[PDB]
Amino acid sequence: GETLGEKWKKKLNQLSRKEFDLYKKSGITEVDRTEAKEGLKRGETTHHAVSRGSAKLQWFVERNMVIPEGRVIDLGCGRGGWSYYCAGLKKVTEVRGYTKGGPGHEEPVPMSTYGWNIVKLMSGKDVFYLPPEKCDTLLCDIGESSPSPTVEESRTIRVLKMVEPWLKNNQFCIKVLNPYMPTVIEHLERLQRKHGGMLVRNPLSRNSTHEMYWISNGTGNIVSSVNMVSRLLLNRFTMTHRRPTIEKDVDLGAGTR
């Protein structure tokens, strides 16, 4: 090839575990989960986001990169961070989340946070087998990291192919697990011409993944954005651990819509 991303990946795989754990959060942003974790351990059902995902999606929404509305589909919902977040938003009328669950996979967590009544989370659902449904907002956070970039290329292309029939001039935010492999870039470019949007790096993502998100509201050069991330992540190998920038987690409140 060999792409910058592929060079990054080789370096990452060389790291000792100790080096890996220091590198993965070096200079990133993260929300302080202390209060939420404690609440959730005690079975508290209000205010707390169930995962770091609520803040991650919030970052895109507060920047208008995706603007959830009407019927929201959340593919690979896990515990439900994206779903519960969207459920509290003014333009949102219904949230449908699908996730695999079972061994190796997070189950949805029931909560009584704001707007929980327009929300249904369904486990036991492999979205590769789901036929597309009409939706006003399509979200997808699927993509499992692997030491092998060709395994990740395969997973990423599977996701891109799976999501396309759900895209019908709607709002969207889709995880692209490995955006640097050449075949992925071709698919993304084709998809961009057809459905628009842009690839964006979220500052809350760990340095241990090259994930970027395809969001509906933006434009830009995919190849440039991907290389920018590869250079960033590579540069973060060169210095001692920079402690992450710590921000407040989201308060999702209580009550119905």
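Numbers for residues come from their place in the sequence shown, where the first is 1.
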### Query
Which of the two stretches, 44 to 52 or 208 to 216, shows the higher mean Cα temperature factor in the record?
44 to 52
### Task
Select between 169 to 177 and 85 to 93 the stretch whose C-alpha atoms have the higher average B-factor in the entry.
85 to 93
### Summary
Max C-alpha B-factor within the set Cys77, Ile157, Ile118, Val163 falls on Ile118
### Task
Could you tell me which one of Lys9, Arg17, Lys248, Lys24 shows the highest CA temperature factor in the PDB record?
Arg17
### Query
Mind checking which third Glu38 falls in for C-alpha B-factor across the chain?
highest
### Task
Just say lowest, middle or highest third for the CA B-factor of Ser112 relative to the other modelled residues in its chain.
highest
### Message
Quick check on the deposited entry: does the C-alpha B-factor of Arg243 sit in the lowest, middle or highest third of its chain?
### Response
lowest
### Query
Going by what the PDB entry lists, where does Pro182 fall on CA B-factor within its chain: lowest, middle or highest third?
highest
### Task
Quick one: classify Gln192 as lowest, middle or highest third of the chain based on its Cα B-factor.
highest
